[PDB]
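S.K.: Contents of target03.pdb (PDB, C-alpha atoms and all ligand atoms):
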```pdb
ATOM      1  CA  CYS A   1       6.947  18.104 -12.864  1.00  0.00           C
ATOM      2  CA  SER A   2       3.768  17.324 -11.007  1.00  0.00           C
ATOM      3  CA  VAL A   3       2.281  14.648  -8.768  1.00  0.00           C
ATOM      4  CA  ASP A   4      -1.303  13.883  -7.853  1.00  0.00           C
ATOM      5  CA  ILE A   5      -1.835  12.871  -4.237  1.00  0.00           C
ATOM      6  CA  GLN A   6      -4.885  11.614  -2.325  1.00  0.00           C
ATOM      7  CA  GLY A   7      -5.493  11.748   1.434  1.00  0.00           C
ATOM      8  CA  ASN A   8      -8.293   9.380   2.518  1.00  0.00           C
ATOM      9  CA  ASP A   9     -10.669   8.837   5.481  1.00  0.00           C
ATOM     10  CA  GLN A  10      -7.958   6.576   7.036  1.00  0.00           C
ATOM     11  CA  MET A  11      -5.314   9.351   7.393  1.00  0.00           C
ATOM     12  CA  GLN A  12      -3.210   7.920   4.630  1.00  0.00           C
ATOM     13  CA  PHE A  13      -1.651   9.530   1.593  1.00  0.00           C
ATOM     14  CA  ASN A  14      -1.501   7.267  -1.506  1.00  0.00           C
ATOM     15  CA  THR A  15       2.248   7.860  -1.909  1.00  0.00           C
ATOM     16  CA  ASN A  16       4.962   8.040   0.686  1.00  0.00           C
ATOM     17  CA  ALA A  17       7.861   9.018  -1.597  1.00  0.00           C
ATOM     18  CA  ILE A  18       8.022  11.924  -4.094  1.00  0.00           C
ATOM     19  CA  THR A  19      10.855  12.292  -6.597  1.00  0.00           C
ATOM     20  CA  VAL A  20      11.280  15.713  -8.168  1.00  0.00           C
ATOM     21  CA  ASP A  21      13.173  15.551 -11.468  1.00  0.00           C
ATOM     22  CA  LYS A  22      16.265  17.806 -11.433  1.00  0.00           C
ATOM     23  CA  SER A  23      15.190  19.333 -14.771  1.00  0.00           C
ATOM     24  CA  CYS A  24      11.960  20.843 -13.284  1.00  0.00           C
ATOM     25  CA  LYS A  25      11.891  24.642 -12.753  1.00  0.00           C
ATOM     26  CA  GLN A  26       8.647  24.391 -10.715  1.00  0.00           C
ATOM     27  CA  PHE A  27       6.962  21.389  -9.093  1.00  0.00           C
ATOM     28  CA  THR A  28       3.200  21.069  -8.484  1.00  0.00           C
ATOM     29  CA  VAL A  29       1.301  18.942  -5.969  1.00  0.00           C
ATOM     30  CA  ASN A  30      -2.385  18.287  -6.724  1.00  0.00           C
ATOM     31  CA  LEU A  31      -4.029  17.181  -3.469  1.00  0.00           C
ATOM     32  CA  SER A  32      -7.472  15.569  -3.309  1.00  0.00           C
ATOM     33  CA  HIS A  33      -9.524  13.820  -0.605  1.00  0.00           C
ATOM     34  CA  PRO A  34     -11.520  10.675  -1.353  1.00  0.00           C
ATOM     35  CA  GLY A  35     -13.944   9.773   1.403  1.00  0.00           C
ATOM     36  CA  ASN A  36     -17.074  11.167   2.991  1.00  0.00           C
ATOM     37  CA  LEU A  37     -15.918  13.392   5.942  1.00  0.00           C
ATOM     38  CA  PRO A  38     -15.797  17.203   6.111  1.00  0.00           C
ATOM     39  CA  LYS A  39     -12.646  19.335   6.629  1.00  0.00           C
ATOM     40  CA  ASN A  40     -13.518  19.946  10.333  1.00  0.00           C
ATOM     41  CA  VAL A  41     -13.567  16.187  11.047  1.00  0.00           C
ATOM     42  CA  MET A  42     -10.936  14.712   8.736  1.00  0.00           C
ATOM     43  CA  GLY A  43      -9.217  17.589   6.939  1.00  0.00           C
ATOM     44  CA  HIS A  44      -5.891  17.093   5.133  1.00  0.00           C
ATOM     45  CA  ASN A  45      -3.189  19.353   3.871  1.00  0.00           C
ATOM     46  CA  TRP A  46       0.164  18.697   2.170  1.00  0.00           C
ATOM     47  CA  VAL A  47       3.164  20.435   3.759  1.00  0.00           C
ATOM     48  CA  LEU A  48       6.862  20.312   2.843  1.00  0.00           C
ATOM     49  CA  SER A  49       9.871  20.985   5.147  1.00  0.00           C
ATOM     50  CA  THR A  50      13.342  19.682   5.851  1.00  0.00           C
ATOM     51  CA  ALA A  51      13.353  16.406   7.793  1.00  0.00           C
ATOM     52  CA  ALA A  52      14.834  18.406  10.746  1.00  0.00           C
ATOM     53  CA  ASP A  53      12.004  20.986  10.752  1.00  0.00           C
ATOM     54  CA  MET A  54       9.104  18.558  10.458  1.00  0.00           C
ATOM     55  CA  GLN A  55       8.450  17.943  14.153  1.00  0.00           C
ATOM     56  CA  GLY A  56       8.425  21.687  15.004  1.00  0.00           C
ATOM     57  CA  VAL A  57       6.189  22.559  12.032  1.00  0.00           C
ATOM     58  CA  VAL A  58       3.717  19.834  13.110  1.00  0.00           C
ATOM     59  CA  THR A  59       3.739  20.739  16.818  1.00  0.00           C
ATOM     60  CA  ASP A  60       3.351  24.493  16.214  1.00  0.00           C
ATOM     61  CA  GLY A  61       0.837  23.872  13.399  1.00  0.00           C
ATOM     62  CA  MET A  62      -1.372  21.593  15.500  1.00  0.00           C
ATOM     63  CA  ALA A  63      -1.313  24.208  18.277  1.00  0.00           C
ATOM     64  CA  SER A  64      -2.385  26.927  15.782  1.00  0.00           C
ATOM     65  CA  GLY A  65      -5.579  24.986  15.131  1.00  0.00           C
ATOM     66  CA  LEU A  66      -8.250  24.475  12.507  1.00  0.00           C
ATOM     67  CA  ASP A  67      -8.832  28.206  11.834  1.00  0.00           C
ATOM     68  CA  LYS A  68      -5.128  28.529  10.815  1.00  0.00           C
ATOM     69  CA  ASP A  69      -5.237  25.373   8.625  1.00  0.00           C
ATOM     70  CA  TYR A  70      -3.077  23.722  11.339  1.00  0.00           C
ATOM     71  CA  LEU A  71      -0.043  25.798  10.383  1.00  0.00           C
ATOM     72  CA  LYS A  72       1.868  28.394  12.390  1.00  0.00           C
ATOM     73  CA  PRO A  73       1.285  31.753  10.622  1.00  0.00           C
ATOM     74  CA  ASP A  74       4.121  32.751   8.254  1.00  0.00           C
ATOM     75  CA  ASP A  75       6.153  29.732   9.318  1.00  0.00           C
ATOM     76  CA  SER A  76       9.613  30.132   7.663  1.00  0.00           C
ATOM     77  CA  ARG A  77      10.225  26.355   7.913  1.00  0.00           C
ATOM     78  CA  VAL A  78       7.364  25.536   5.567  1.00  0.00           C
ATOM     79  CA  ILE A  79       8.814  25.331   2.059  1.00  0.00           C
ATOM     80  CA  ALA A  80       5.418  24.920   0.352  1.00  0.00           C
ATOM     81  CA  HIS A  81       1.912  23.906   1.485  1.00  0.00           C
ATOM     82  CA  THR A  82      -1.674  23.420   0.271  1.00  0.00           C
ATOM     83  CA  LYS A  83      -4.742  24.650   2.110  1.00  0.00           C
ATOM     84  CA  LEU A  84      -6.711  22.207   4.356  1.00  0.00           C
ATOM     85  CA  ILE A  85      -9.255  20.188   2.375  1.00  0.00           C
ATOM     86  CA  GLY A  86     -12.287  18.075   3.246  1.00  0.00           C
ATOM     87  CA  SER A  87     -13.693  15.146   1.248  1.00  0.00           C
ATOM     88  CA  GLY A  88     -14.509  15.928  -2.410  1.00  0.00           C
ATOM     89  CA  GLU A  89     -12.349  19.068  -2.278  1.00  0.00           C
ATOM     90  CA  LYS A  90      -9.011  19.668  -3.954  1.00  0.00           C
ATOM     91  CA  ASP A  91      -6.115  22.079  -3.820  1.00  0.00           C
ATOM     92  CA  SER A  92      -2.859  22.476  -5.686  1.00  0.00           C
ATOM     93  CA  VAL A  93       0.457  24.151  -4.742  1.00  0.00           C
ATOM     94  CA  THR A  94       3.386  24.985  -7.009  1.00  0.00           C
ATOM     95  CA  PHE A  95       6.876  25.884  -5.731  1.00  0.00           C
ATOM     96  CA  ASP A  96      10.281  26.709  -7.219  1.00  0.00           C
ATOM     97  CA  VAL A  97      12.629  23.753  -7.408  1.00  0.00           C
ATOM     98  CA  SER A  98      15.423  26.274  -6.642  1.00  0.00           C
ATOM     99  CA  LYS A  99      14.116  26.053  -3.024  1.00  0.00           C
ATOM    100  CA  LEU A 100      15.391  22.439  -2.824  1.00  0.00           C
ATOM    101  CA  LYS A 101      18.987  21.185  -2.520  1.00  0.00           C
ATOM    102  CA  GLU A 102      20.208  18.042  -4.371  1.00  0.00           C
ATOM    103  CA  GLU A 103      18.943  17.555   1.894  1.00  0.00           C
ATOM    104  CA  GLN A 104      16.393  15.248   3.592  1.00  0.00           C
ATOM    105  CA  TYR A 105      12.858  16.574   2.905  1.00  0.00           C
ATOM    106  CA  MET A 106       9.617  15.372   4.363  1.00  0.00           C
ATOM    107  CA  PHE A 107       6.033  16.000   3.267  1.00  0.00           C
ATOM    108  CA  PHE A 108       3.136  15.490   5.660  1.00  0.00           C
ATOM    109  CA  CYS A 109      -0.357  16.477   6.628  1.00  0.00           C
ATOM    110  CA  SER A 110       0.131  18.682   9.681  1.00  0.00           C
ATOM    111  CA  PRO A 111      -2.878  17.524  11.769  1.00  0.00           C
ATOM    112  CA  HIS A 112      -2.315  13.805  10.971  1.00  0.00           C
ATOM    113  CA  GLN A 113       1.506  13.628  10.759  1.00  0.00           C
ATOM    114  CA  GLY A 114       1.533  12.135  14.327  1.00  0.00           C
ATOM    115  CA  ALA A 115      -0.840   9.404  13.036  1.00  0.00           C
ATOM    116  CA  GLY A 116       1.721   8.584  10.278  1.00  0.00           C
ATOM    117  CA  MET A 117       0.450  10.777   7.412  1.00  0.00           C
ATOM    118  CA  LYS A 118       3.906  11.600   5.976  1.00  0.00           C
ATOM    119  CA  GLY A 119       6.540  10.670   3.395  1.00  0.00           C
ATOM    120  CA  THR A 120       9.801  11.682   1.781  1.00  0.00           C
ATOM    121  CA  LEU A 121      10.598  14.058  -1.102  1.00  0.00           C
ATOM    122  CA  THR A 122      13.903  14.210  -3.013  1.00  0.00           C
ATOM    123  CA  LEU A 123      15.240  16.345  -5.877  1.00  0.00           C
ATOM    124  CA  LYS A 124      16.868  13.742  -8.180  1.00  0.00           C
TER     125      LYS A 124
HETATM  126 CU    CU B 201      -4.626  14.794   7.291  1.00  0.00          CU
END
```
Have the structure of the file written as C-alpha cells, please.
M.R.:
Amino acid sequence: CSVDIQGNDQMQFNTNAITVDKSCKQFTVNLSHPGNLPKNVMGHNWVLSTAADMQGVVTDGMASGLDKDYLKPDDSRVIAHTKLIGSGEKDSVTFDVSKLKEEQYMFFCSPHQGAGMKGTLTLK
C-alpha cells in the first residue's frame, strides 16, 4: 500500500503508472530527488487529481509560485500532495483510498507537468 518514487534532474519521475490495490485503506507515496540541484532550481512535488482537473491544478499552481509550493492554496481539486523537494530531500504523503473511485486519475509534479512530469494512478 505504498510506492517509492524518484524525481530527477531531468524532470522525470521513475514511474509513470501507479496501481493502488483495492484492499488498501490508506496509500502512501514516498518521494525523493536524486540529483544535485536545489528546490529553487529543480524542485519536485507529487500531486494527485482527476484527469479532468489536472490542467487547472497545474496552471493555478504554477501561477501561485515557489513560495506556495506551486499549488493554489486550499485547492479542492488536489486529492493528495507532497511538499516541494530539492535534491537529497524526501517527503511522504498518505491519503485515504476511500477518496478514489474504482475514474481517470493523474499524478504529476506541478511545476514540471508541462515538461511531461506526470503519470496515471488507478485503484485496482
Ligand atoms: Cu518537478
S.K.: Please find the residues contacting ligand CU 201 (chain B) at a distance of at most 6 Å between atoms, with all atoms listed in the file counted, and report them as a CSV table (one decimal) with C-alpha atoms, keeping the file's coordinate frame.
M.R.:
```csv
chain,number,residue,atom,x,y,z
A,11,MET,CA,-5.3,9.4,7.4
A,43,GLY,CA,-9.2,17.6,6.9
A,44,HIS,CA,-5.9,17.1,5.1
A,45,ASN,CA,-3.2,19.4,3.9
A,109,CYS,CA,-0.4,16.5,6.6
A,111,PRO,CA,-2.9,17.5,11.8
A,112,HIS,CA,-2.3,13.8,11.0
```
S.K.: Which distance in Å separates atom CA of residue 23 of chain A and atom CA of residue 48 of chain A, to one decimal?
M.R.: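 That distance, rounded to one decimal, is 19.5 Å.
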S.K.: Please enumerate the residues selected by the PyMOL selection byres (((chain A and resi 122) around 8) and not hetatm) when evaluated against the supplied file, formatted as a list in words.
M.R.: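 After applying the PyMOL selection byres (((chain A and resi 122) around 8) and not hetatm), what remains is residues 18, 19, 20, 102, 103, 104, 105, 120, 121, 123 and 124 of chain A.
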S.K.: How would you write, as a list in words, the residues chosen by the PyMOL selection byres (((chain A and resi 113) around 10) and not hetatm) on this structure?
M.R.: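 Answer for the PyMOL selection byres (((chain A and resi 113) around 10) and not hetatm): residues 11, 12, 44, 47, 54, 55, 58, 59, 62, 107, 108, 109, 110, 111, 112, 114, 115, 116, 117, 118 and 119 of chain A.
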S.K.: What's the separation between atom CA of residue 1 of chain A and atom CA of residue 25 of chain A, in Å to one decimal place?
M.R.: 8.2 Å
S.K.: Between A:39, A:82, A:68, A:56, which one has atoms that come closest to residue 5 of chain A, using only C-alpha atoms?
M.R.: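 Answer, going by the shortest atom-to-atom distance: A:82.
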S.K.: Point out the residue among A:95, A:2, A:52, A:71 with the least atom-to-atom distance to residue 29 of chain A, counting all atoms listed in the file.
M.R.: A:2
S.K.: Provide the atom CA of residue 84 of chain A to atom CA of residue 24 of chain A distance in Å, to one decimal place.
M.R.: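 Calculated distance between atom CA of residue 84 of chain A and atom CA of residue 24 of chain A is 25.7 Å.
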S.K.: Please determine, counting only C-alpha atoms, which residue among A:76, A:16, A:92, A:64 has the shortest atom-to-atom distance to residue 106 of chain A.
M.R.: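 Ranked by minimum distance to residue 106 of chain A, first place goes to A:16.
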S.K.: Counting all atoms listed in the file, figure out which residue out of A:96, A:53, A:67, A:9 gets nearest to residue 38 of chain A.
M.R.: A:9
S.K.: Calculated over all atoms listed in the file, which of the candidates A:22, A:41, A:30, A:78 has the smallest distance to residue 101 of chain A?
M.R.: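 Going through A:22, A:41, A:30, A:78 one by one, the smallest distance to residue 101 of chain A is for A:22.
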S.K.: Nearest to residue 40 of chain A among A:86, A:7, A:73, A:61, with distances taken over only C-alpha atoms: which residue is it?
M.R.: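 Among A:86, A:7, A:73, A:61, it is A:86 that comes nearest to residue 40 of chain A.
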S.K.: Translate the PyMOL selection byres (((chain A and resi 88) around 9) and not hetatm), as applied to the file shown, into an explicit residue set as a ChimeraX atom specification.
M.R.: /A:32-38,85-87,89-90
